[PDB]
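These protein sequence lines are chains hl and fh, in that order.
PDB author numbering puts the first sequence at residues 11 to 54.
PDB author numbering puts the second sequence at residues 262 to 313.
Ideal Cβ positions, reconstructed from N, Cα and C, are used throughout, including at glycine.
Worksheet: one structure, shown below.
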Amino acid sequence: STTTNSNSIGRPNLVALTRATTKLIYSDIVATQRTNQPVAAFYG
Amino acid sequence: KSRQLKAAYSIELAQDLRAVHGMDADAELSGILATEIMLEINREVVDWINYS
Numbered sequence: 011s012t013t014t015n016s017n018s019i020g021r022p023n024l025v026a027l028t029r030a031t032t033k034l035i036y037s038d039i040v041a042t043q044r045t046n047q048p049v050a051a052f053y054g
Numbered sequence: 262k263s264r265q266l267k268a269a270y271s272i273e274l275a276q277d278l279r280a281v282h283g284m285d286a287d288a289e290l291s292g293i294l295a296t297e298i299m300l301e302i303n304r305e306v307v308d309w310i311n312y313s
């Protein structure tokens with residue numbers, strides 16, 4: 011009687027991979043604008 | 262005079278054996294049985310020669 015107790019396995023299938031990360035939200039939060047100098051100075 | 266042999270196997274064997282190894286699980290058992298019977302017969306003939 012040959013069954014699954016005889017037929018061994020090589021490798022499992024990964025099926026899927028997951029990488030939990032923070033949803034990165036700041037673009038809509040700050041008034042982003044690039045600076046082209048080591049020092050920035052805003053006008054009030 | 263006759264001679265005979267049985268395969269005895271599961272469905273799950275065949276499914277996994279195919280998924281893992283690429284082998285069939287019906288064909289191998291078939292192969293072994295047919296082969297072993299003819300091998301045992303061939304042995305019988307030479308045995309009778311040495312016997313007699």
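Looking at the structure shown, is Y270/fh part of a helix, part of a strand, or coil, going by DSSP? The answer is strand: DSSP assigns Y270/fh an E or B state.
Alpha carbon to alpha carbon, how far is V49/hl from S37/hl? Taking the straight line from one Cα to the other gives about 21 Å.
Note down, in chain order, every chain hl residue with its Cβ under 8 Å from the Cβ of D277/fh. Chain-ordered, the chain hl residues with CB closer than 8 Å to the CB of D277/fh read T14, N17 and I19.
Give me, in chain order, the residues of the same chain whose beta-carbon lies closer than 8 Å to that of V307/fh; leave out the 5 immediate sequence neighbours on both sides. Here the set comprises nothing.
Helix or strand or just coil, what does DSSP make of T12/hl? Looking at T12/hl - three-state DSSP - the assignment turns out to be strand.
Given 8 Å, three or more beta-carbon pairs between the segment 270-278 of chain fh and the segment 292-302 of chain fh: No: the two stretches stay apart, fewer than three of their Cβ pairs being nearer than 8 Å.
Cβ shell of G54/hl (< 8 Å), same chain only, five flanking positions each side left out: Nothing listed; no residue qualifies.
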